[PDB]
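Positions are given from 1, in the same order as the sequence printed here.
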Amino acid sequence: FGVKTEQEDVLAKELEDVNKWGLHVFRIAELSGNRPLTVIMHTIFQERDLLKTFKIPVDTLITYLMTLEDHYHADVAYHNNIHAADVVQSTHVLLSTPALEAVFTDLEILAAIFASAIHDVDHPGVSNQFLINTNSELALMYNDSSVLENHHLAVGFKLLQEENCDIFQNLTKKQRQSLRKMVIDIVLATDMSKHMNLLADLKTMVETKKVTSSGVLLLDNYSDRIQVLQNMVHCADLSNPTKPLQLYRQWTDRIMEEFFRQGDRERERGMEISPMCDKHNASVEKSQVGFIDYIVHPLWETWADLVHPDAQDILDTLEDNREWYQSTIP
Ligand SMILES: COc1ccc(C2=NN(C3CCN(C(=O)CN4C(=O)CC(C)(C)CC4=O)CC3)C(=O)[C@@H]3CC=CC[C@H]23)cc1OC
Ligand SMILES: [Mg+2]
Ligand SMILES: [Zn+2]
């Protein structure tokens with residue numbers, strides 16, 4: 001039969017929501033046999049006609065995607081393939097915002113989406129500080145500097161060398177060099193130690209914002225173009241509290257499981273327990289409200305100004321969720 005199975009039909013119907021904020025990504029993960037990253041990336045590549053544009057052989061794309069997904073750890077609660085798929089899809093929605101229509105080139109679009117897909121690959125489920133404090137091999141390889149983020153990049157690129165995995169094999173050297181630099185700049189910007197400087201620069205850009213005729217953002221140098229892409233993927237990475245609450249709470253459960261596990265390791269070892277990682281002295285709800293107030297809302301408020309009024313519903317959902325978590329603090 002050259003026709004989908006019923007489970008593949010149910011999956012294809014869920015994937016009709018790929019252009020929407022609030023895609024049922026956990027359901028996609030179940031329906032695809034734990035291939036949310038592969039199926040969501042493929043759908044996006046097809047939808048944006050990236051295979052044709054970059055002459056990517058379909059089998060090579062699928063092989064690379066499965067390989068990349070395979071390098072996300074299934075035994076990690078939050079920083080796994082479902083998170084990668086979610087960041088990919090959220091970036092895909094943000095790239096389609098009316099205020100950015102026709103701003104970015106196909107190569108820049110490719111860069112933002114590919115960066116999103118690789119941005120947490122091979123994450124061990126512990127923080128940079130934990131890796132540094134434990135004298136881990138990763139921290140030694142990267143000289144304690146954006147350890148995880150450098151690692152995600154190195155793995156994401158190295159996997160292109162596996163059998164029939166080089167999705168960029170038909171790009172010119174000039175295209176490849178440009179793509180690579182942008183990908184590196186985007187993934188390194190996902191290190192939360194960079195958040196305050198990224199946000200400061202995004203605020204400066206909003207303050208000196210120029211729009212073209214027809215009211216789309218004018219970005220006429222690399223610094224500004226990459227700043228916007230960096231902040232975009234960073235928004236996607238920090239998008240959990242902006243999603244419908246049924247999704248958000250699953251993300252909260254997962255990050256807390258991950259953090260608590262790290263805290264258990266820190267406690268076993270006699271180390272100081274990192275913020276939000278002590279399961280005996282946690283308030284999950286207060287932690288979410290703090291995460292929103294201090295990190296997520298300042299970023300998304302500034303993004304919303306940049307693309308005004310495109311992100312109003314996202315900001316409203318964020319504010320509703322914040323009130324919900326506040327109302328459950330004992
Ligand atoms: C679903 O909820 C979460 C999803 C992801 C994260 C991540 N945590 N972090 C860091 C973010 C900054 N941080 C803070 O604790 C900052 N912060 C608060 O959020 C609340 C507070 C402790 C009361 C005061 C305050 O300053 C440390 C942890 C990461 O680095 C992860 C990797 C990349 C992006 C974000 C992700 C946290 C979530 O809820 C807490
Ligand atoms: Mg990360
Ligand atoms: Zn991430």
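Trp251 places no side-chain N or O within 3.5 Å of a backbone atom of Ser239 that could act as its donor or acceptor partner. Distance alone, capped at 3.5 Å, is enough to place a donor-acceptor pair between the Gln89 side chain and the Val18 backbone. A donor-acceptor pair is defined here as one N or O able to donate and one able to accept, closer than 3.5 Å; no such pair exists between the side chain of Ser90 and the backbone of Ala236. A distance-only check finds no donor-acceptor pair linking the side chain of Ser178 to the backbone of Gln175 [under 3.5 Å]. Side chain of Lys209 to main chain of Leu306: a donor-acceptor pair is present (N/O by atom type, distance under 3.5 Å, no hydrogens or angles). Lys4 places no side-chain N or O within 3.5 Å of a backbone atom of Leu11 that could act as its donor or acceptor partner. Remark: side-chain polar atoms of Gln230 are paired, donor with acceptor, to backbone N or O of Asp185 under 3.5 angstrom. For the pair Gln250 (side chain) and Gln246 (backbone), a donor-acceptor distance under 3.5 Å is present. For the pair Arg35 (side chain) and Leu65 (backbone), a donor-acceptor distance under 3.5 Å is absent. Formation of a donor-acceptor pair under 3.5 Å by the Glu69 side chain with backbone atoms of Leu37 is found in this model.
Among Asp191, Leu138, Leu188, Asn128, the single residue meeting the side-chain contact (heavy atoms from CB on, under 4.5 Å) criterion with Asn150 is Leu188. For the pairing with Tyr72, the side-chain contact (heavy atoms from CB on, under 4.5 Å) check across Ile82, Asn34, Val121 returns one residue only, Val121. Partner of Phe168 under the side-chain contact (heavy atoms from CB on, under 4.5 Å) criterion, out of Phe54, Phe114, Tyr64: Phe114 alone.
Both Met205 and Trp303 are assigned to one and the same hydrophobic cluster, defined by single-linkage of ILVMFWY side chains at heavy-atom distances under 4.5 Å. Tracing side-chain contacts under 4.5 Å through hydrophobic residues (I, L, V, M, F, W, Y), one never reaches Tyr142 starting from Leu140; they form parts of separate clusters. Hydrophobic clustering (ILVMFWY, side-chain heavy atoms < 4.5 Å, transitive): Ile186 and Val88 are in one cluster. One hydrophobic cluster, built from ILVMFWY side chains closer than 4.5 Å, cannot hold both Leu198 and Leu148; they sit in different ones. No path of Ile, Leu, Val, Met, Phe, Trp and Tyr side chains, each step under 4.5 Å between heavy atoms, connects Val147 with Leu153, placing them in separate hydrophobic clusters.
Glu47 and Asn19 are linked by a side-chain donor-acceptor pair at a separation below 3.5 angstrom, with hydrogens and angles left out of the test. Remark: the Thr242 side chain and the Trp21 side chain contain an N/O donor-acceptor pair separated by less than 3.5 Å. With hydrogens and angles left out, the side-chain atoms of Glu163 and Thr63 include no donor and acceptor closer than 3.5 Å. Of the N and O atoms on the side chains of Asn143 and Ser145, not one donor lies less than 3.5 Å from an acceptor on the other residue. Donor-acceptor pairing under 3.5 Å is lacking for the side chains of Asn231 and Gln227. For the residue pair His151 / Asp122, a side-chain donor-acceptor distance below 3.5 Å is found, with atom types taken as modelled. Using a 3.5 Å distance cut-off with no hydrogens or angles, the side chains of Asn321 and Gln288 do not pair a donor with an acceptor. A donor-acceptor contact closer than 3.5 angstrom is absent between the side chains of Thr328 and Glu285. Looking only at atom types and distance, the side chain of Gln129 has no donor-acceptor partner in the side chain of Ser274 under 3.5 Å away. A donor and an acceptor atom, one from each side chain of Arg225 and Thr105, are nowhere located under 3.5 Å apart.
Within the 4.5 Å cutoff, the side chain of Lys181 has no heavy atoms near those of the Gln177 side chain. Under the 4.5 Å side-chain criterion, counting only non-hydrogen atoms from C-beta, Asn81 is not in contact with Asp70. No side-chain heavy atom of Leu100 sits under 4.5 Å from any side-chain heavy atom of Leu94. For the pair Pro57/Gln169, a side-chain contact is recorded, criterion being any heavy-atom separation below 4.5 Å from C-beta on.
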* To do: Show your working on side chain to side chain donor-acceptor pair (under 3.5 Å) between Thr317 and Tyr248 and close with a plain yes or no.
  => CA-CA 11 Å; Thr317 304; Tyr248 178 23; over 6 Å; no
* Under the side chain to side chain donor-acceptor pair (under 3.5 Å) criterion, do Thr97 and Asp310 qualify, and how do the steps go? -> CA-CA 7 Å; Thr97 204; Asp310 302 348; 2.7 Å; yes
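The environment of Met141 atom CE is sparse: at most 12 non-hydrogen atoms of other residues, nucleotides or ligands sit within 6.0 angstrom. Heavy atoms of other residues, nucleotides or ligands lying less than 6.0 angstrom from CD of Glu162 number more than 12.
Taken from CG in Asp278 to CZ in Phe259, the straight-line distance is 13.5 Å, to the nearest 0.5 Å. Rounding to the nearest 0.5 Å places CG of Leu131 at 9.5 Å from CG of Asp144. With values rounded to the nearest 0.5 angstrom, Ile40 atom CD1 is found 12.5 Å from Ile113 atom CD1. Rounded to the nearest 0.5 angstrom, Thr67 OG1 and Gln161 CD are separated by 12.5 Å. Going from atom OG of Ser116 over to atom CE of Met232 covers 9.0 Å, rounded to the nearest 0.5 Å. With rounding to the nearest 0.5 Å, the separation of CZ in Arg249 from CG in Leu247 is 12.0 Å.
By the 4.0 Å N-to-carboxylate-O rule, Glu257 lies close enough to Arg261 to be salt-bridged with it. The pair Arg265-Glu268 counts as a salt bridge, with a side-chain nitrogen and a carboxylate oxygen less than 4.0 angstrom apart. Using a 4.0 Å cut-off between charged side-chain N and carboxylate O, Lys52 and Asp49 make no salt bridge. A salt bridge links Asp9 and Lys13; the closest N-O separation between the charged side-chain nitrogens and carboxylate oxygens is under 4.0 Å. Between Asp220 and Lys210 there is no salt bridge, since no side-chain N of the basic residue sits under 4.0 Å from a carboxylate O of the acidic one.
A distance of 6.0 Å or more separates the ring centres of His79 and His73. You'll find the ring centres of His83 and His119 inside the 6.0 Å limit.
Taking both residues in full, the closest heavy atoms of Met276 and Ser287 are given as CG-OG, 3.6 Å, listed atom of the first, atom of the second, then distance.
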